[PDB]
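Contents: one structure, followed by commentary.
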Amino acid sequence: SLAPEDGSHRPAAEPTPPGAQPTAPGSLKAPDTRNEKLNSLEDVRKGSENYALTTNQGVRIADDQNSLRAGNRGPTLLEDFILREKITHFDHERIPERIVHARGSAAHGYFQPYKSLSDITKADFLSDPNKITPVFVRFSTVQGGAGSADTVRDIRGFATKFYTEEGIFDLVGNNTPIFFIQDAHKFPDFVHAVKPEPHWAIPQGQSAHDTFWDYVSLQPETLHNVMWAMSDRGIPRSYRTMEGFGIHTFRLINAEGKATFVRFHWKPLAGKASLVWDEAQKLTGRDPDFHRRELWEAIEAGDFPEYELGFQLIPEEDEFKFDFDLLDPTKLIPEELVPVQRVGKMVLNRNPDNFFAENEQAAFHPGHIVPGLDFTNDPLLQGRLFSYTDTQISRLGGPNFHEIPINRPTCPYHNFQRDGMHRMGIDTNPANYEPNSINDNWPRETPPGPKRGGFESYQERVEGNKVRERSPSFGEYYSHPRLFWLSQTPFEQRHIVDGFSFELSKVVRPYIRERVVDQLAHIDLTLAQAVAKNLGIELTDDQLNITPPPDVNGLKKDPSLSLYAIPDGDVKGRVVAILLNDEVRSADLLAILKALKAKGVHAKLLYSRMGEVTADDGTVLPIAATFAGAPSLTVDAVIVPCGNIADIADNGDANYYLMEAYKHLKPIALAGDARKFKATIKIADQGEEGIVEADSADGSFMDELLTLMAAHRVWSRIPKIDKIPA
Amino acid sequence: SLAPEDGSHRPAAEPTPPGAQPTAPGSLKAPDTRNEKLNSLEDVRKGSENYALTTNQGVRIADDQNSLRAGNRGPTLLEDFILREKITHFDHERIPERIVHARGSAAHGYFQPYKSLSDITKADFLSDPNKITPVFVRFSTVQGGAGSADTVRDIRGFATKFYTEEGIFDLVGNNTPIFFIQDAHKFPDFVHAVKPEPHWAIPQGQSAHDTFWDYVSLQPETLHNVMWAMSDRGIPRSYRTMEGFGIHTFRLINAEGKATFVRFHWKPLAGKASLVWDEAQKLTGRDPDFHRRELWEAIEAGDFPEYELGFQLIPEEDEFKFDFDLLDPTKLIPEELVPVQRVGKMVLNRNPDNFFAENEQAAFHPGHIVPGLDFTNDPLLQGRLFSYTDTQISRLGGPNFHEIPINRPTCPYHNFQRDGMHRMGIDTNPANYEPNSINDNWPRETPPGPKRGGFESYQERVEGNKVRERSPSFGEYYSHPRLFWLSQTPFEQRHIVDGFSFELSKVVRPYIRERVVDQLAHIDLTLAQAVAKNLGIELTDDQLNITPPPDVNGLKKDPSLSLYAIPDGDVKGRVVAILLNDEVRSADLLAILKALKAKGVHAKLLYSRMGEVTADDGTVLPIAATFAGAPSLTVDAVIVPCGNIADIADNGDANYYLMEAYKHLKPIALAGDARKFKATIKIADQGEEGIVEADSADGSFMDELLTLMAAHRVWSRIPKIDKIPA
Amino acid sequence: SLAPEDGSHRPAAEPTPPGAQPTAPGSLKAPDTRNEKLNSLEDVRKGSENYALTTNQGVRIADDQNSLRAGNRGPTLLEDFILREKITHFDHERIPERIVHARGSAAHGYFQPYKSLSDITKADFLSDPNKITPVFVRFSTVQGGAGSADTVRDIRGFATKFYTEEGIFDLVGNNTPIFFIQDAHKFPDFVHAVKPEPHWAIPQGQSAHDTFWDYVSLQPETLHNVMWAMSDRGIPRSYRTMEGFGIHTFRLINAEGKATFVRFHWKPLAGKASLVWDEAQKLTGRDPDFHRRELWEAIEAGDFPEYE
Amino acid sequence: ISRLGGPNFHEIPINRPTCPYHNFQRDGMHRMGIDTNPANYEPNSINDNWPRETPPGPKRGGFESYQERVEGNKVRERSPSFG
Ligand code: HDD
Ligand code: HDD
Ligand code: HDD
């Protein structure tokens with residue numbers, strides 16, 4: 001027995017805040033969290049406790065420490081079948097990673113609609129407010145490999161597998177409402193341009209290189225999503241604090257056959273929140289797994305990520321009433337023109353057991369729709385339908401990928417397909433064809449109907465010649481980037497300018513920079529001049545005379561496009577760093593932890609070493625991490641309680657901890673003699689907005705601090721940070 | 001509803017003789033035949049009746065007759081995900097075939113020992129006469145593809161998967177007691193030589209071509225198994241009527257650690273029986289699926305194939321007592337020197353449900369042993385141990401092939417292996433490594449012991465230098481071919497001579513034939529001269545003075561090596577053709593069928609067309625096949641009842657039916673005016689042995705016939721067939 | 001030296017009638033027969049005479065008869081990399097066979113048009129009577145596996161790969177002018193019906209079983225091709241003595257953008273000739289490789305298959 | 001076999017030897033080399049046994065393992081000297 005007698009090796013099977021316990025597989029951490037999909041996976045789950053170590057053939061292994069050899073110092077013998085099996089499996093562990101979105105993090109949950117949508121869709125999972133549909137959701141980046149970092153500047157993926165009673169429905173979206181390109185034929189072109197360059201495979205997880213901006217400068221259709229990626233949208237605080245969109249216009253079909261155009265939205269319950277770039281870039285080095293960890297730990301804490309599903313709904317006769325083409329995925333539908341209507345809510349409440357088996361092997365594909373839903377002629381969606389079935393043949397080893405447990409439907413599935421690599425199902429049907437008499441033609445077709453019917457495509461009208469040709473209605477590239485730009489706050493605009501500037505500064509060929517600046521001058525001259533200034537470029541008089549693009553159906557801004565314009569913050573699930581000293585004033589800490597617990601805010605107690613310290617009243621305080629081990633990048637605010645401040649007053653890591661949080665605009669709270677730290681951040685004796693300070697942490701100290709946290713960051717501090725050396 | 005109203009599309013779920021019902025998947029034909037492995041497969045068995053036709057994602061299909069197109073005479077649309085999923089799966093149905101033994105047929109069954117064997121082995125499946133071990137057995141040829149024919153001249157494989165309580169044990173044997181080569185390094189060379197030649201991929205399923213006999217002429221070690229292949233052993237009547245051998249010497253390990261050398265035998269309860277060459281070769285054309293079909297139909301009729309397992313046992317101190325090396329797999333152990341001792345019996349009593357899922361995907365490997373068994377230094381076996389693990393990585397798509405359902409153990413298996421393509425099992429173990437504290441080191445090693453202990457290799461002494469070198473004790477090539485030859489009956493010897501003669505006639509390069517004849521002269525000069533005469537070769541004076549090889553430890557012959565020297569014929573399961581006419585004598589047919597049923601001999605009623613005829617007493621007789629439809633190749637004897645014999649007397653197909661069966665030495669019985677047919681086979685009025693004849697089928701008629709059948713063929717007829725034009 | 005002293009191991013590199021000589025690889029049997037595609041393959045052709053035996057890494061092997069073992073009656077050692085490379089490659093020799101048409105026989109050749117088809121198509125390989133196009137042609141059955149027999153009763157495939165100056169053009173046809181089914185959605189249903197039945201994988205290379213005729217009775221569209229299958233068209237004397245058809249209506253596009261509907265045909269120079277059924281069925285037993293053999297040997301005789 | 005798709009990974013250009021390589025191995029996924037040898041086995045007479053084995057020697061000779069002495073029982077055991 002190698003476990004410790006005190007049993008401290010096993011985490012408790014109950015919700016615990018991040019860092020209190022070792023993380024564990026979901027069925028062990030929360031065995032009583034169940035749904036119909038989790039239960040169906042029990043047949044393939046494998047335990048371990050009280051079992052013998054065997055080969056894959058069931059043979060008990062006596063000595064798992066040594067190869068078989070001719071003498072204890074002799075050659076290894078080919079007849080060691082236990083070695084060779086163990087090494088063979090190891091030698092073939094890896095499978096191809098996803099072509100795009102290879103880096104991702106996933107969890108189980110459930111979905112439930114608010115009310116029956118049977119008036120607009122016959123889709124069964126939206127027909128009754130009491131119908132609960134299990135889900136599996138994978139969040140992702142786009143460009144980086146499976147081993148790349150979480151907090152890069154990138155688009156994020158948001159893929160939801162609905163295990164419906166009438167088929168698997170995959171909603172395969174991103175965290176922005178549009179994509180970079182218009183036609184699927186260009187997808188390898190765009191992806192090759194953004195991916196690491198083919199001679200040397202640099203850089204990983206970054207669009208800040210020549211070939212990406214080269215493609216953008218020559219393809220202005222890309223400009224809208226590029227705007228989004230250069231904003232703080234491209235660097236989310238977590239997957240819980242981002243939006244989701246299906247991007248394409250789809251169709252809803254009701255029992256009477258009426259089609260309604262629809263676009264899908266996920267609204268985060270935790271609000272919209274993003275990092276700032278210096279923080280996001282450094283965090284890819286201090287913790288490349290930050291988003292993966294934060295997701296797992298929130299679920300282990302009970303901080304279940306929640307999202308409200310919503311629809312923008314457009315009648316068929318309104319197809320042409322907007323300036324933009326509904327079928328153009330580089331165009332958004334402003335919520336000011338078509339509101340998002342609440343449909344239901346999704347809760348992610350259990351982690352997987354084995355990342356490889358459940359996350360890496362999961363297969364999402366937007367062609368996986370159910371009766372009540374249908375496609376449109378969006379030329380990007382159209383080509384997606386081919387790719388997501390095709391790519392699985394190599395990634396997941398063949399055509400039986402639906403038999404891998406995480407991908408199996410929970411509803412019945414029967415047909416006349418047979419064979420293929422690693423076929424699990426053993427068909428007893430006398431027939432493998434239809435029409436057949438020898439099994440009385442079963443399984444049988446089902447006619448279309450209002451529920452439990454067969455799938456039939458909406459009989460939309462088609463008219464035109466066979467052409468490789470872009471619809472002229474698509475050939476407008478600058479109005480929607482402008483609408484986005486004007487909808488941002490001034491500090492969000494600053495960050496957009498700084499994103500473009502930082503990225504173009506790493507383009508080596510200067511003529512590429514100049515061509516991207518010229519495209520910006522077609523969007524907004526304020527934006528283009530600000531970027532040009534940082535690049536040492538001067539706009540020509542002709543460029544200064546570029547007429548701006550028209551408004552979007554009269555709109556000159558839409559505050560739903562901004563992260564922060566309308567407050568939607570939420571402190572539940574946020575984390576505060578508490579910086580300890582060797583004789584902490586316990587009255588401060590008790591007030592701090594009481595206020596944080598009331599709002600569901602977590603705390604990390606940090607010191608210069610691990611182990612424990614003792615407060616003034618003798619209370620023993622366990623240390624979560626060092627100052628260097630858990631930098632301010634990983635928390636939302638910093639609190640410094642009173643006590644023996646001289647212990648850390650001249651500690652470089654303690655001082656830098658506050659300087660980093662200050663530069664990154666986070667709230668900071670100083671109690672008693674901890675107010676001496678204002679000098680390291682150059683805060684005058686009069687104080688300033690964003691620095692909570694008082695004689696002690698009792699009173700309004702923590703309400704000021706929690707109000708600041710509900711506002712996410714202290715945007716008013718931005719003029720002051722450029723003098724801070726951090 | 002497409003099935004007929006009389007319900008005649010569905011086979012009866014009861015035992016029925018061959019031809020009486022349509023064949024069916026095992027679980028529908030015999031739902032009440034069960035064992036633990038069959039039951040454990042119910043989780044992956046898929047039904048069909050009363051289920052909707054769906055996609056693999058569970059979506060119900062409305063129209064499975066048409067692609068989705070723009071207009072009903074327009075182009076097919078990329079958005080048809082139902083089409084593309086169906087075609088994709090079809091497009092990827094095939095997996096690589098087995099490098100060797102690609103043609104095979106398999107069945108489920110069970111094994112049971114006669115008594116406890118714990119004095120000599122601690123193997124759990126041999127420990128208790130009431131311990132029942134499920135099995136899955138695949139019989140195979142060697143050379144041809146999965147699409148090649150059954151009744152070729154080849155070696156047969158005989159692979160048994162024992163689903164043991166202490167792990168999978170695969171006994172992977174052949175139907176002869178030796179192999180062609182000594183060291184596994186030569187296996188690709190031998191196999192390439194016997195397989196179709198690389199320029200043009202000819203010939204399929206035949207050793208009768210230049211490169212095979214080239215290798216043989218240059219590799220005398222091959223001569224022993226070549227002798228078996230040229231004998232009638234190479235063309236068995238059924239998989240039920242052949243022997244089985246593990247070939248290599250293995251070890252039995254008992255609980256006190258004593259090692260006993262062992263070779264494995266399967267003795268067929270139905271006795272030993274083979275075809276003749278002209279019959280077997282023509283049958284590869286008339287029914288290339290004859291062995292597969294006969295196996296399947298015997299099981300559906302209740303004629304379960306049965307084999308007795310037996311051990312040749314040799315104490316460790318006797319390793320060097322014999323003239324041959326025990327570890328040399330081209331040498332057999334004569335039963336006259338070391339008898340085969342009975343161990344238990346194996347019954348094959350249910351067919352699979354899906355050939356591809358269960359047969360094609362099954363993975364046998366002789367390195368799959370269990371505690372109580374161990375290997376030896378046999379250099380052919382030693383290399384096999386590498387190959388059967390390695391080949392599955394491409395054939396079965398990766399290292400998780402044990403998770404394919406037919407291959408799964410029925411006992412526990414738990415280890416720290418993870419991932420790999422198609423990974424089914426979801427591991428909940430906090431640890432994927434040992435030693436580990438975080439799961440208190442589970443799953444754990446198990447010390448070896450008398451039962452339920454870990455595997456430990458027998459600590460055999462090893463002494464020598466690292467050499468690529470053949471043991472001198474292996475350098476003897478002719479003694480065992482001679483033993484075999486001399487142990488054969490005169491008619492068996494004639495068939496061997498004609499085997500060699502027919503094959504070498506197909507060798508294009510005459511010098512190869514000459515070199516093979518020189519090798520035979522080192523075996524036996526009677527054999528060598530007979531073959532040479534058929535090839536137009538004249539043995540030189542020196543070849544005539546080649547000294548024959550020595551006896552095998554004083555043994556000059558061993559009747560256990562003959563198919564027929566010791567009678568072991570059994571008639572149950574054999575088939576008789578009955579040649580009808582349009583007014584059969586019903587008293588004859590009544591007595592024929594009553595006697596055949598009394599011994600378990602099946603019958604098929606043949607005529608010049610399908611449908612029915614009526615007998616003289618009004619009885620309606622259903623026709624099973626036409627004369628050409630089911631040739632005499634496919635039956636064991638022929639009976640011609642009395643009646644309107646003129647109806648068929650001048651029918652060429654009916655006359656040829658008898659001539660073919662006569663040429664191939666099968667018994668023929670003729671009643672009443674049927675005796676008129678003696679003219680077509682040139683039998684004199686006073687009859688001859690092997691032709692049953694009487695005024696009616698009454699009396700000793702059917703007893704005479706069944707007596708001939710138990711003797712298999714009428715060997716005395718051989719001198720008469722050479723003048724028969726058939 | 002293991003060859004006979006009289007050199008009778010080696011076939012002559014000149015045309016010879018069937019059975020006169022051992023068959024041989026084409027570039028050894030007819031090295032003067034060349035086209036642009038055959039010549040472009042010289043970069044990957046591998047010799048053998050006067051070379052040492054090596055591993056795939058180029059290491060010369062001293063003893064290709066024995067595994068490395070601890071003593072000559074000892075266990076085989078894991079460090080024998082020469083064994084494991086040789087057995088590894090052997091162990092992975094097979095690739096999946098074609099889903100349909102798995103059984104087939106192929107040869108090289110060339111094509112040239114009689115006159116310029118410029119008026120009706122701008123296809124380059126049809127623009128100049130002096131323009132030679134290399135081809136590779138595979139003939140096949142449909143139902144049986146790669147190891148099934150040649151003279152079965154089946155449709156035959158007739159696939160031609162044209163290596164034109166403006167791209168590969170594959171003309172993938174059969175020996176009857178129609179097919180069994182109308183819509184590609186039904187192709188796995190039809191193929192599953194004609195193929196060996198799923199429970200026991202019987203019969204090989206035959207449509208003479210329940211599921212095939214079950215489908216046919218329920219799908220009258222199949223009857224036309226079934227009629228060709230049941231005729232002597234289904235058992236050709238040789239690949240040289242059958243027709244070929246593209247089946248589908250395609251289009252020809254000229255330089256003016258005018259489309260012409262076209263159906264493709266191959267007309268055998270040797271004429272149309274078929275076996276009879278009892279003959280064909282017995283021949284799948286006496287020589288299951290009859291058609292592959294006959295094509296190879298006709299070419300070695302200089303008796304080249306030709307099709308218009 | 002899984003990482004590079006099969007046993008012909010030596011034919012991927014970066015992995016190819018620059019020296020001659022010839023043996024009797026054939027086929028496998030994505031086979032590039034087109035073998036003209038009449039024989040795919042040895043010993044063979046039909047190509048006069050080419051390509052042929054080479055005895056070990058001072059230069060350009062075949063590979064032979066150093067004939068080190070081996071002495072001991074078949075054991076799964078760490079040498080005490082490693083402890
Ligand atoms: C025609 C090609 C193509 C195009 C135009 C798109 N995608 Fe895609 N996408 C793929 C081809 C693809 C893929 C290559 O098929 C992936 C990679 C691995 C996979 O299974 O699917 C994939 C993966 C993938 C994933 C990750 C799913 C997972 O977690 O496994 C997401 C979230 C998206 N895509 C979302 C989108 C969105 C929102 C698009 C624009 C509207 C989009 N893709 C356009
Ligand atoms: C070192 C290579 C090697 C050598 C020397 C042998 N075999 Fe083998 N055998 C294989 C390598 C192999 C293989 C390539 O690994 C196969 C083909 C596909 C497979 O799964 O195993 C196989 C298949 C195979 C099968 C078919 C199993 C099934 O039905 O799936 C049988 C019955 C045998 N072998 C029996 C033998 C016997 C009785 C041998 C001589 C004693 C023998 N093999 C030598
Ligand atoms: C939608 C599926 C489908 C349909 C409707 C057809 N085929 Fe096909 N065919 C295939 C799917 C396929 C395939 C599965 O893609 C094959 C098997 C493996 C391959 O490479 O192509 C093939 C092989 C194949 C070959 C073998 C090529 C070779 O020698 O390698 C020929 C000659 C044909 N087909 C001809 C036809 C003809 C004349 C058809 C009717 C007009 C036809 N096929 C319908």
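Naming works like this for the structure tokens: A, B, ... for the chains as they're shown, residue 1 at the start of each chain, ligands 1 onward in shown order.
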
Could you name the residues that touch residue 167 in chain A at 12 Å or less, counting only C-alpha atoms, but leaving out those on the same chain fewer than 2 positions away, as a PyMOL selection string? (chain A and resi 123-125+133+161-165+169-170+367-373+402+407-414+452-455) or (chain B and resi 52-61)

Which residues are near ligand 2 in this structure, taking near to mean any atom at most 6 Å from a ligand atom and counting only C-alpha atoms and all ligand atoms? Format them as a list in words. residues 98, 99, 100, 101, 138, 139, 140, 157, 158, 159, 172, 173, 174, 179, 184, 187, 247, 363, 364, 380, 383, 384, 387, 388 and 391 of chain B; 91 of chain C

Alpha helix (DSSP H) call set, DSSP backbone run, range 483-645 of chain B, as a ChimeraX atom specification: /B:483-486,490-505,510-521,525-534,541-544,586-599

Residues at most 6 Å from range 640-654 of chain A, counting only C-alpha atoms, excluding those fewer than 3 positions away in the same chain, as a PyMOL selection string? chain A and resi 578-579+581+583-585+588+657+670-674

Next, the residues of the selection above should be written as a JSON list (two decimals), in the first residue's frame with N, CA and C atoms.
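The resulting file, out-v9.json, is shown below:
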[["chain", "number", "residue", "atom", "x", "y", "z"],
["A", 578, "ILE", "N", -5.06, 36.93, -2.41],
["A", 578, "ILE", "CA", -4.80, 37.57, -1.13],
["A", 578, "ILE", "C", -3.33, 37.39, -0.82],
["A", 579, "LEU", "N", -2.60, 38.50, -0.69],
["A", 579, "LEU", "CA", -1.16, 38.44, -0.47],
["A", 579, "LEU", "C", -0.87, 38.42, 1.03],
["A", 581, "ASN", "N", 1.32, 37.83, 4.74],
["A", 581, "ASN", "CA", 2.56, 38.10, 5.44],
["A", 581, "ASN", "C", 2.63, 37.17, 6.64],
["A", 583, "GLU", "N", 2.60, 37.59, 9.88],
["A", 583, "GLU", "CA", 1.72, 37.84, 11.02],
["A", 583, "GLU", "C", 0.52, 38.66, 10.56],
["A", 584, "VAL", "N", -0.33, 38.02, 9.75],
["A", 584, "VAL", "CA", -1.50, 38.67, 9.18],
["A", 584, "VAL", "C", -2.49, 39.07, 10.27],
["A", 585, "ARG", "N", -3.17, 40.19, 10.05],
["A", 585, "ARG", "CA", -4.23, 40.65, 10.94],
["A", 585, "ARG", "C", -5.50, 39.88, 10.61],
["A", 588, "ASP", "N", -8.94, 41.44, 9.41],
["A", 588, "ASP", "CA", -9.04, 41.76, 7.99],
["A", 588, "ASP", "C", -9.42, 40.53, 7.18],
["A", 657, "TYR", "N", 3.76, 41.83, -8.24],
["A", 657, "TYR", "CA", 2.40, 41.30, -8.29],
["A", 657, "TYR", "C", 1.38, 42.43, -8.40],
["A", 670, "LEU", "N", -6.14, 47.65, -0.47],
["A", 670, "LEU", "CA", -5.05, 47.75, 0.49],
["A", 670, "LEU", "C", -5.59, 48.14, 1.85],
["A", 671, "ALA", "N", -5.24, 47.36, 2.87],
["A", 671, "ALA", "CA", -5.78, 47.53, 4.21],
["A", 671, "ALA", "C", -4.69, 48.01, 5.16],
["A", 672, "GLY", "N", -4.98, 49.09, 5.89],
["A", 672, "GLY", "CA", -4.06, 49.55, 6.92],
["A", 672, "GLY", "C", -2.70, 49.91, 6.34],
["A", 673, "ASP", "N", -1.64, 49.37, 6.95],
["A", 673, "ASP", "CA", -0.28, 49.65, 6.50],
["A", 673, "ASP", "C", 0.02, 49.08, 5.12],
["A", 674, "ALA", "N", -0.84, 48.21, 4.58],
["A", 674, "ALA", "CA", -0.66, 47.78, 3.20],
["A", 674, "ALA", "C", -0.82, 48.94, 2.23]]

Spatial neighbours of range 3-6 of chain D, max dist 9 Å, only C-alpha atoms, sep filter under 3 positions, as a list in words: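 These residues fall inside the cut-off: residues 92, 94, 95 and 96 of chain A; 394 of chain B; 89, 92 and 93 of chain C; 9, 12, 28, 29 and 30 of chain D.
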